Structures are given as C-alpha cells and as structure tokens.
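Structure record follows, encoded as structure tokens.
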Amino acid sequence: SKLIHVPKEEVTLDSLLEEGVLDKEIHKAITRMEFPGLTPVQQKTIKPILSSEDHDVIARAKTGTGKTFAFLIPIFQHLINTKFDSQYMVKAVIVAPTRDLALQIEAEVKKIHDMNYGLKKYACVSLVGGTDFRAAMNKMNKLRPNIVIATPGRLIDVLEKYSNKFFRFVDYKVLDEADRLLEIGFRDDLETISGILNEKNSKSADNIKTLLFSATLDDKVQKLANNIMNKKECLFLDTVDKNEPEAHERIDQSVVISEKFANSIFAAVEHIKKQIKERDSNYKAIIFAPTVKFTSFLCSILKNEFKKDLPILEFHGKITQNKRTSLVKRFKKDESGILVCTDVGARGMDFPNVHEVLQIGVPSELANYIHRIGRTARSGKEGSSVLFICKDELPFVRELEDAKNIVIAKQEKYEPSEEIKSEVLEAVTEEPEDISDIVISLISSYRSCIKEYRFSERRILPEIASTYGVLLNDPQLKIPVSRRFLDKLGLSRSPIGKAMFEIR
RNA sequence: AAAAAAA
Ligand SMILES: O=c1ccn([C@@H]2O[C@H](COP(=O)(O)OP(=O)(O)O)[C@@H](O)[C@H]2O)c(=O)[nH]1
Ligand code: BEF
Ligand SMILES: [Mg+2]
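Mapped onto the UniProt record's numbering, the consecutive letters of the first sequence carry residue numbers 88 to 96, 101 to 595.
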C-alpha cells in the first residue's frame, strides 16, 4: 500500500510557466528543441512529480513517447527550486539497466544544457562500467554534479566508497526501464542502492522520492518494489488502457515462420536483400539475435552479404565500451545501415528513423519483444517489424497474445531455395568448432526460456541443435562432444541429448 | 554456458 491508479482519460510549457510550476530557464531549454508539444506522459507526469507530498510515482507509457524528459524536466525544476541548498551534492540519482542507455540519458541532459547555458551550473556525471573509475571520480569532485546517471554495479562501487561525500542529500531516485531493474539479477542490487541512499540521507530514510518508468509493467512491480518505495502513497500514471496492447500501434508487425530455426537467417537475408533494392540502399534497420556468438556470426554473414550496400555494426556486451559508444553514436547519426545486436540494445536506446526491427529467434524475456520493436516507430515516425522464427517457436507467438494481448496479424511461412543456402553457407569462414560454440550458445539460450515461453523441450532443443548440421550442409550430422560435456549439460538421462549430440 | 550488470 498505497497504490492509487490514474488511467488514461492539455498541458503546455507556456501554461506550466505561467502557472508557476516551471522556471523560464528550463522553459527556454525545452522550447528551443522545437518539439511539437509535450507527450501525454510528460503532461501527466511533471506536476505530480514536483508535488512535495509524500507520494511515489509509477508511469507507464508506450515506446518512443518521451519518458526521458518526463523525469528529466522535473529533476531540473527541482534543482532550480532548491538551488541554494546542498548545491555541491547529488540530489537526483538515475539508474538504467544498460550503460549505453545511461550514457544516452546523460547526453540528453547535456542536450538540455546546450540549449541553455544557464542550466549548466546544475552539473551532471554518468557512472557506468567500462569507463575509467578515477576519471569519473575526478569528474565527481570537479563538477559536484546535482544529477547522476548510472548502472547498478558501478553505482554500488561508488556508493560503498563515497556515499557520504556525494549522496547524503538525494531527494529523487529514478528507475528507468524499471521492470527489468526489478527482475532477478538487478533487484538485490537496487535494494542495496536504495538502502544505502536511504541510510545515508541527511533528513530521513524516507525522504527520497522514487520514480518508476517503463513501457512494460503492471501491478506486480508495486509488489516487487515494496522494499525500495519509502513513501506511504504511490501514483500510477498510465497512458495505456488496461486491455490495450503495450506495443506501439504505429508499428507494422509481421512474423516469418520457417520449418527449421537455421533458415530463419535465410528468411532474414531474403528480406533485407529485398529491402536494400527497393529502398535503393536508403535503409536503416536493427536486427536482434538471442546470443552474442550468434550475433557475431549473423554479423559475419550480413557483412559478407550486404557490406557493399550498407554499414554493418556489431553491438553486444562483449564489445569494448568505447566501441559500443562509438557505434551507438554512429548509428545515431548515420542515415542508413544495419545494427546487428543482442538484447543489450533492446531497451531505452533511441536511434532516429529506424525503418525496421528484425528478430532472429526470441528475446531474452517476453517483455523485451515489446521494447525490441519499440526501437522503431519513435517520435511520431512510422515503422515495421519482422519476427523470424521456426515452427517450434510458435508457442511464443501464442504467449504474446495470452499475456500481453499482442496479436501479430500478418503471418507467413518460409522455405529457402537451394541457391541462397549455397550462396550464404559457401560464404561462411567459421570452422566447425566455432559453429559448435555458436549452436551450443543457442541451445543454452533456448534452454533457459523453455518454461517462460512454454516450449516443448523435447522438440525445440533438437531443432536448435540441428542448425549445426544445416550450417555444415549435412542435416544428418550432430554436434561432436565429450562424455563429460554431455554429462555437464545434464542431458545424460534425457533422450533429447542423444537425439541432439553425437559423442565422438 | 543464456542477455544484462566493473572489475
Ligand atoms: O516533448 C517531447 C518529448 C519527446 N519527444 C520525442 O520523443 C523522443 C524521446 O524518446 P524517449 O526515449 O526519451 O522516450 P521513451 O522511449 O523512453 O519512451 C525525442 O527524441 C522526441 O523526438 C517529443 O517529440 N516531444
Ligand atoms: F520505452 Be522507451 F524506448 F525508453
Ligand atoms: Mg526510456
């Protein structure tokens, strides 16, 4: 308790200025960006967030509808109307599930800064992994930022060491893409963070206001966050009807269903090839893959196939953070190209004018389907989406309707010609051992979501394994492994293990 | 070994 709902039933910068809620400095900043007008969530979120009363804020809004400024504008306004207290102390802590999203939010704050130098006094520092710790701390000491954007790990590192120095006067903490940060693997980290910030706060352990933002969340998050929500009441600001699908309606969704999993790649290649020809290389797209190794492999194929027409960018968690930042900014700027990536780029990342979102296989989690396709059709723009799967993945499409009420109308089958298989497979440089590691990674990936997506383990896993045979152009062939490895896999008893591997 | 998450 206590969760108060406010379902989706005009607010303007000028009105907010004249009403006295917002200062001229920030009004100048947002007005100079020349947006047509505040998004519904911003209209529905700003004023309640500044309400000093003892209440937390949960906000659900579809993808690409400007949630970032929905909590950045209030933060800045808060910093304005508290400017003579604690000045050189952190007053707002923003947490994101990925480094690039945190750096993106930082860039948005610096975008706010560049539109009005008067707001630069309210400095900002990002705290993420893959960056020099000392340089960040020197930046912390030098700037005395009022806003911190961070990823949980590095934030915890900093908090364990400098909570007293910087974080004793936090008034706001923000969970962007809250639901993922409230999933297993992140919840304990955020509980430690909230605990430290609350423990270290100068006024009270319940002083801090918490903001939860995402395109995908329900009432379950209210329960999942009960330990990090200090205040007594909690506002639910929803710009989506209960039964309405969370997916952005402007996205033209489709699914390509194949007999086997491997030739969904062939399905995608035929799709992209059709797209570069029709659009005359004026094509900007993001293609998602379930795993790093498969991302890299798929990247190698798309490089062999389409490098002559478009840039092919490889984006995943094993890419050095410097290169991640370089390619996100490049793919942010460039007018065309193919971003080949895992779910690291599924949430939050804002790439202007992405034409299509492609998916080979399923996402690491069901909700990430909504966020994946959310990378296109942003800020009023149009967009389409294609899901490339095999028949044994069909239950996932079934799961999309039962839970999230997501109905993919356009569905079609696919069978590859011998020519494309020969052309693609002949142009693979990877040794059988690499193919083995890649397929093994896919087996591991699909095994971890058997329960979630209601897959038939006895059917889907052998199919994933068969990809090894397909790529080596011998469907009868099975993956060569050792007895210890097969035992280590724990399929020593399962017939599927025998059906999918060959102990050589 | 899955996708994230500083060591
Ligand atoms: O008042 C606004 C705020 C947002 N935007 C658009 O929304 C985008 C921001 O999307 P964001 O990622 O911040 O929202 P989210 O994806 O988190 O829902 C900007 O680039 C703008 O094009 C807009 O048109 N008017
Ligand atoms: F949901 Be938005 F893409 F951050
Ligand atoms: Mg966001």
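Even for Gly, the Cβ is constructed at its ideal location relative to N, Cα and C.
Are there 16 or more other CB atoms within 10 angstroms of the CB of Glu337, so buried, or fewer, so exposed? Here residue 337 corresponds to residue number 246 of the first sequence, with the count starting at 1. Here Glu337 is buried, its C-beta having at least 16 other C-beta atoms within 10 Å.
What do you reckon, is the C-beta of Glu396 under 7 Å from a heavy atom of ligand 3? Here the question's residue 396 lines up with position 305 in the first sequence. No, the Cβ of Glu396 stays beyond 7 Å of every heavy atom of ligand 3.
On the CB-based measure, 16 or more other CB atoms within 10 Å of its CB, does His339 come out buried or exposed? Translated into the one-based positions of the first sequence, residue 339 becomes position 248. It counts as buried.
Identify every run of the beta strand (DSSP E) within the UniProt domain "Helicase C-terminal" (355-512), keeping only runs that are complete inside it and at least 3 residues long; order them along the chain. Look at the UniProt domain "Helicase C-terminal" (355-512) and you find these whole runs of beta strand (DSSP E), each 3 residues long or longer: 375-379, 403-406, 428-432, 447-451, 474-481 and 501-505.
Would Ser532 be called buried (16 or more neighbouring beta carbons within 10 Å of its own) or exposed? If you number the first sequence from 1, residue 532 lands on position 441. Burial call: buried.
Tell me, please, whether the stretch 522-538 touches the stretch 496-505 by the rule of three or more beta-carbon pairs shorter than 8 Å. Contact fails between the stretch 522-538 and the stretch 496-505, because fewer than three Cβ pairs, one in each stretch, are under 8 Å apart.
Report all residues from its chain with a CB closer than 8 Å to the CB of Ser355; omit the five preceding and five following residues, and keep chain order. The sequence position of residue 355 within the first sequence is 264, counting from 1. The beta carbon of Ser355 sits closer than 8 Å to the beta carbons of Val347, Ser349, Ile451, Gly452, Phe479, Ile480, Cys481 and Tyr505 from its chain, once the five residues preceding and following it are set aside; these are given in chain order.
Going by the CB atoms, is the gap between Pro486 and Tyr544 shorter than 8 Å? In the first sequence, residue 544 corresponds to position 453, counting from 1. In the first sequence, residue 486 corresponds to position 395, counting from 1. Yes. Within cutoff.
What are the start and end residues of the alpha helix (DSSP H) that includes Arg550? Position 459 of the first sequence, counted from the first residue, corresponds to residue 550. First-last of the alpha helix (DSSP H) with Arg550: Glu548 to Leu562.
DSSP-derived helix/strand/coil call for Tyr179: As a working mapping, residue 179 is identified with position 88 in the first sequence. Residue state, collapsed to three classes: coil.
Leaving out five residues before and five after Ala161 in sequence, what residues of the same chain have Cβ atoms less than 6 Å from its Cβ? Position 70 of the first sequence, counting from 1, holds the residue named residue 161. Correct list, in chain order: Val132, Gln133 and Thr136.
Does the beta-carbon distance from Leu266 to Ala241 come in below 8 Å? The residue given as residue 266 occupies position 175 in the first sequence. The residue given as residue 241 occupies position 150 in the first sequence. No, Cβ-Cβ distance for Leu266 and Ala241 is not below 8 Å.
In terms of alpha-carbon separation, which member of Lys414, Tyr537, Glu509 and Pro507 lies closest to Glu456? As a working note, residue 456 is residue 365 in the first sequence. Nearest option by C-alpha distance: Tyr537.
For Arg278, the residue or residues it bridges with in DSSP: Sequence index remark: in the first sequence, residue 278 carries index 187 (1-based). Its beta-bridge partners do not exist; DSSP assigns none.
Given the structure, does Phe277 come close to ligand 3, in the sense that its CB is under 7 Å from one of the ligand's heavy atoms? Position 186 of the first sequence, counted from the start, is the residue given in the question as residue 277. Answer for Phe277: no, Cβ out of range of ligand 3.
Which value, in whole angstroms, describes the spacing of the CA atoms of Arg550 and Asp483? Looking up residue 550 in the first sequence gives position 459. Looking up residue 483 in the first sequence gives position 392. Annotation: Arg550 to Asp483 spans about 7 Å, alpha carbon to alpha carbon.
Given the structure, does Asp329 come close to ligand 3, in the sense that its CB is under 7 Å from one of the ligand's heavy atoms? Translated into positions along the first sequence, residue 329 becomes position 238. Not under cutoff, so the answer is no.
Please classify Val93 as buried or exposed, where buried requires at least 16 other C-beta atoms within 10 Å of its C-beta. For the purposes of this step, residue 93 is taken as residue 6 along the first sequence, with counting starting at 1. The C-beta of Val93 has fewer than 16 other C-beta atoms within 10 Å across all chains shown, which makes the residue exposed.
Return helix, strand or coil for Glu593, following the three-state DSSP convention. Start at 1 with the first residue of the first sequence, and residue 593 comes out as number 502. Looking at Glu593 - three-state DSSP - the assignment turns out to be strand.
Tell me whether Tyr374 is buried or exposed, calling it buried when 16 or more other Cβ atoms sit within 10 Å of its Cβ. Position 283 of the first sequence, counted from the start, is the residue given in the question as residue 374. By the neighbour-count rule (16 or more Cβ atoms within 10 Å), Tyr374 is buried.
Can you find the residues in the same chain that come closer than 6 Å, C-beta to C-beta, to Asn237, ignoring five residues on each side of it along the sequence? Locating residue 237 in the first sequence gives position 146, where the first residue counts as 1. So the list reads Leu170, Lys182 and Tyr213, once near-sequence residues are dropped.
Using 8 Å as the threshold, is the C-beta distance between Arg151 and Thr330 below it? In the first sequence, residue 151 corresponds to position 60, counting from 1. In the first sequence, residue 330 corresponds to position 239, counting from 1. Contact flag set, yes.
Taking 7 Å as the cut-off, is the C-beta of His204 nearer than that to any heavy atom in ligand 2? Translated into the one-based positions of the first sequence, residue 204 becomes position 113. Not one heavy atom of ligand 2 lies closer than 7 Å to the C-beta of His204.
Cβ-Cβ distance between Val445 and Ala376 below 8 Å: In the first sequence, counting from the first residue as 1, residue 445 sits at position 354. In the first sequence, counting from the first residue as 1, residue 376 sits at position 285. Their beta carbons are under 8 Å apart, which means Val445 touches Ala376 by this criterion.
Measure the alpha-carbon distance for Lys158 versus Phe304 and round it to whole angstroms. Translated into the one-based positions of the first sequence, residue 158 becomes position 67. Translated into the one-based positions of the first sequence, residue 304 becomes position 213. Approximately 7 Å between the Cα atoms of the pair.
What is the rounded straight-line gap between the Cα of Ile196 and the Cα of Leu568? Taking the first residue of the first sequence as 1, we reach residue 196 at position 105. Taking the first residue of the first sequence as 1, we reach residue 568 at position 477. Going by the C-alpha atoms only, they are around 48 Å apart.
Thinking just about the alpha-carbon of each residue, which of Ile319, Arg259 and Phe385 is nearest to the one in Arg235? On the first sequence, position 144 is the one that residue 235 refers to. Nearest to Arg235 by alpha-carbon distance, out of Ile319, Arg259 and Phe385, is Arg259.
Would the C-beta of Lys158 count as close to ligand 2, meaning under 7 Å from any of its heavy atoms? Here residue 158 refers to the residue found at position 67 of the first sequence. Relative to ligand 2, the nearest heavy atom lies less than 7 Å away from the CB of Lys158.
Regarding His462 and ligand 2, is the C-beta to nearest heavy atom distance less than 7 Å? Translated into positions along the first sequence, residue 462 becomes position 371. Yes, since a heavy atom of ligand 2 falls inside the 7 Å radius drawn around the Cβ of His462.
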